[PDB]
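Have a look at the structure below, then the notes.
Backbone-built Cβ (ideal geometry, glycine too); neighbour counts: all protein chains shown. Every number here is computed from the coordinates shown, using simple stated rules; none is lab data.
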Amino acid sequence: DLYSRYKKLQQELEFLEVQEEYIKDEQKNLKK
Amino acid sequence: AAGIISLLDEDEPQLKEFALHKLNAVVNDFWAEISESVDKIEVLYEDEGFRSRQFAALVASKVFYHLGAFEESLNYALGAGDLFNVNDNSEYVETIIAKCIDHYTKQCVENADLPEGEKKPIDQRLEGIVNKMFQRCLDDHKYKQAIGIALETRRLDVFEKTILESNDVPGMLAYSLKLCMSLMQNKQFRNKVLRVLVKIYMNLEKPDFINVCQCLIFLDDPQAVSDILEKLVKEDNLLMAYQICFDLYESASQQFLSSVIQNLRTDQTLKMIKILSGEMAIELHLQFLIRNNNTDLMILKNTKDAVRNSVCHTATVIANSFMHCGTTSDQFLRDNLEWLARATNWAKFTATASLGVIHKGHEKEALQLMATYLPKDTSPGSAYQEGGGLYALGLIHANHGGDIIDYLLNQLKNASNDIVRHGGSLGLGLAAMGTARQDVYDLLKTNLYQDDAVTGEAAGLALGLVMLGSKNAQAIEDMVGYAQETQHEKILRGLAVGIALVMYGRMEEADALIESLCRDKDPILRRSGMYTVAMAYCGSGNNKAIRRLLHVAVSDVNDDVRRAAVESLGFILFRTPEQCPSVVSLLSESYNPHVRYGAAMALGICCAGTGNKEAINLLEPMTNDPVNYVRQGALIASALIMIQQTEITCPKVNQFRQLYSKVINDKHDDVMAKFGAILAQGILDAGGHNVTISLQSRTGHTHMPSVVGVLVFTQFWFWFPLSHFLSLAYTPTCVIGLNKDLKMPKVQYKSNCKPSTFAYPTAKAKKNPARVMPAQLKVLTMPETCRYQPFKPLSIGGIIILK
């Protein structure tokens, strides 16, 4: 069932990147 | 290699064939020669005179291995003509054809999302090779791989014919749609795939009603379920009939169950209507609940002797309400008549509401039961109890339609506009939730337009409640216009959640309203917009929603907006609890106390009742924050998370328990801080360790009542009386079994595990439904030793009928 593994890996990747951009923005804001 | 270029300079078809021979013989042993002759080969590319004109594209594809340009290989294959299909496998030909296949799938999805047609078809050889590889997969009998290509191909034809991969229909062929549910989001694609697969299923010999319920519960085909039920009725297999009826009733929204009942109506038919009727399942559930209770008076006594003579009176009464929610056992309170005789006229409203909550589900006798404590009988001068009576009456018939709706309508019609109408209108709206009826909508709008503050907020909450997820543009425009038109906070605060609850469950469908509310200057309107975002995207990981919400929480100055945003974040990611703690972690440590409080609440709601073993891990340190606000936030979050758990299942449960006690025992602690501790205890032991919170049905259908209850609870930071709404979000884990229409079964499933968890105050277990938890439910063993057996497995609890 490699298809499911690839699908969940992609989901994890997108979730991770959105978290990352959020953290970047939060740190930027906290600087002020 | 110089011969290659030298020969190519010569012009002769035989020369071209010799070039073919040498170049396909040496592709990489000499690469710069062809790399520079790219010009000659590409000019020969387009030439009808060239006998091997397709061989020019063959050369392109083969000997552009160094040339990594993907599009180059794409056009090379497109012009390959014939050799593309032949090259089933080789050193690198397989790689290029696989790349072409993935690009073809990308193009297919890209042009298929285009729904209005006029999609530019790709070169035919590309789909030809795609189908050839699909045939190779069929030969390899890799059903999962084939279906995965089909879906990523965004073509339902291959998806359908993939069922011929093995033609056994044990699992995936009839049960991989569950996997699809898990790992896909496109609703447009969702409906088509669902209908196709249900057609495939009922084409099977036995139309398994379990997989037939997909149309009703996910694809919302009330007519279809009605038709299949009619087929069953004429087929005379009432067993399956009422099995599917109960399944849908416990895993479907009433909005279309009404249409299903209408279709069924226009004996077997009478029984069908009854089971698809006023909740005989609720009747038997309540019978089950009263037949089994595990409640401790000593907890009530420990609360009593720790009385603070302050607001936590309301917290105590609501905690006792949670204790026996629907148990109809007030003796724990009937014993002492001073807890309800030492409150301000306003808290007593909450007290009588709690009294009503304790008595939940009788319906039939509820009229006389409430009249027993009728406001005129209890205190005519206390109009607070007058309103609380109607509020309790409405609470009793939570989602339970009936004449109570019209009765409450009449009562509200003939009553005071403000002093009492708050609770009466709120209860009427709750009892007619999602009913969409105009006869109640008119009254609610009139109440909203009575420019009153004390009762108008409840009026607006009810207005939102009745129009649950209706997307009725008329209602949303009315409410939003009225929101900015008035000059009261309470009215506007209520209207916020009212709007949020108006339209929901549409994912990214009401984005216009979302944006309009988000850009509004008023902070409270922004909070309303965030709640609307949460409710619309309930139970999904829409990346756009998460991004917008996180940005709002980071930026918006108004701490209230940030808190609402983080609550929404917790709401929308409950189906994937494992990930929620990860995001909430950073919020756990922020300068803003409100941010941390909302983060704690978000974690609590996201993890629901299942203990991730990290949620508690983060809460524990968070359970010592200096700010009292965070203190009660953490207490409530921990109580919500740990509900139903056991010592062995979660080693930490004792600590918090003890912790709770101490925070209701120490006097130096802030009274407002402790106000959460009593509610925490009540939640943790709510409903005699039987009730449970769960927003997802066993069939996957999301529980609207649970979502609404948790939302109102979250809103209860700006109002206490609203806490009672958590009663709606209480579904006990008892496993109900019945062979015949009313034949109680003498089954005793063998848990085949140490009771330990079962005996919460030798692997085996016996019992009718009992306080058996989903974790213990999955381990239960079905006792085949008896004559009658369940129709469907006992993998997970619910109402499983027997034969």
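Considering segment B:144-212, the qualifying helices (runs of 4 or more DSSP H), each wholly inside and each with 2 or more residues that are within 14 Å of chain A (Cβ to nearest Cβ) and closer than 22 Å to B:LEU126 by Cβ, run over B:156-161. In the condition set (1) within 11 Å of chain A (Cβ to nearest Cβ); (2) farther than 20 Å from B:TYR504 by Cβ, B:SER588 is compliant with all but (1).
Filtering segment B:119-139 for residues that are within 14 Å of chain A (Cβ to nearest Cβ), closer than 30 Å to B:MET507 by Cα and not hydrophobic (A, V, I, L, M, F, W, C) leaves an empty set. Looking only at residues in segment B:551-608 that are small (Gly, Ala, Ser) and out of contact with any helix residue (DSSP H, G or I) (no Cβ under 7 Å at 6 or more places or on another chain), the one that is surrounded by the most Cβ atoms within 10 Å (Cβ to Cβ) is B:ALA608. Applying the criterion of at least 1 residues that are farther than 19 Å from B:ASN320 by Cα and touching a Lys or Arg at 6+ places or on another chain (Cβ under 6 Å) to the helices (runs of 4 or more DSSP H) found wholly in segment B:604-686 leaves B:615-622, B:628-642. Mind checking whether some residue in segment B:511-518 is within 14 Å of chain A (Cβ to nearest Cβ), polar (S, T, N, Q) and surrounded by fewer than 19 Cβ atoms within 10 Å (Cβ to Cβ)? No: zero hits.
Within segment A:12-32, the set of residues being facing chain B (nearest Cβ under 7 Å) and either surrounded by 14 or more Cβ atoms within 10 Å (Cβ to Cβ) or over 17 Å from B:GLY541 (Cα atoms) (or both) comprises A:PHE15, A:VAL18, A:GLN19, A:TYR22, A:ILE23, A:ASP25, A:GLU26, A:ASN29.
Selection of segment B:747-798 for residues being crowded, with 20+ Cβ neighbours inside 10 Å, in contact with a strand residue (DSSP E or B) (Cβ under 9 Å, 6 or more places away or on another chain) and among the β-branched types (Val, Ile, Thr) yields only B:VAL747.
On the basis of being under 24 Å from B:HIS103 (Cα atoms) and assigned to a loop (DSSP other than H, G, I, E, B), does B:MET133 make the cut? Judged against the criteria, B:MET133 is not a match.
Considering only residues of segment B:22-51 that are buried (at least 18 other Cβ atoms within 10 Å of the Cβ) and over 13 Å from B:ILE4 (Cα atoms), which is farthest from the chain's Cα centre (by Cα)? Here the answer is B:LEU44. With the structure loaded, tell me whether B:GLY394 is of a type in the set (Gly, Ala, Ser), more than 28 Å from B:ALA281 (Cβ to Cβ), touching a helix residue (DSSP H, G or I) at 6+ places or on another chain (Cβ under 6 Å) and buried (at least 18 other Cβ atoms within 10 Å of the Cβ) or whether it fails that test. Judged against the criteria, B:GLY394 is not a match. When B:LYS471, B:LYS521 are checked against the criterion of being basic (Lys, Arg) and either under 22 Å from the mean Cα position of the chain (by Cα) or within 16 Å of B:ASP418 (Cβ to Cβ) (or both), a single residue qualifies: B:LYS471. Restricting attention to segment B:519-537, the residues that are surrounded by 24 or more Cβ atoms within 10 Å (Cβ to Cβ) and not aromatic (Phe, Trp, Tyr) add up to 9. Reported count of residues in segment B:343-374, each being closer than 20 Å to B:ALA462 by Cβ and part of a helix (DSSP H, G or I), is 9. Criterion first (among the charged types (D, E, K, R), in contact with a helix residue (DSSP H, G or I) (Cβ under 7 Å, 6 or more places away or on another chain) and surrounded by fewer than 18 Cβ atoms within 10 Å (Cβ to Cβ)) does B:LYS106 satisfy it? So B:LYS106 fails the test.
Scanning segment B:53-88 for residues that are crowded, with 16+ Cβ neighbours inside 10 Å and of a type in the set (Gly, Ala, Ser) yields B:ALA56, B:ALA57, B:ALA60, B:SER61, B:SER73, B:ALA77, B:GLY79, B:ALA80, B:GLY81. I need a count of the residues in segment B:538-564 that are of a type in the set (S, T, N, Q) and away from chain A (no Cβ under 11 Å). Of the residues in that region, 2 qualify. Looking at B:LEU340, B:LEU395, just one residue is in contact with a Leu (Cβ under 9 Å, 6 or more places away or on another chain) and in a loop (DSSP other than H, G, I, E, B), and that residue is B:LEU340. Count of segment B:419-436 residues, restricted to those that are surrounded by fewer than 24 Cβ atoms within 10 Å (Cβ to Cβ) and touching a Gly at 6+ places or on another chain (Cβ under 6 Å), is 0. For the structure I just gave you, tell me whether B:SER90 is in a helix (DSSP H, G or I) and of a type in the set (S, T, N, Q). Spelling it out, it is not the case that B:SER90 is in a helix (DSSP H, G or I) and of a type in the set (S, T, N, Q).
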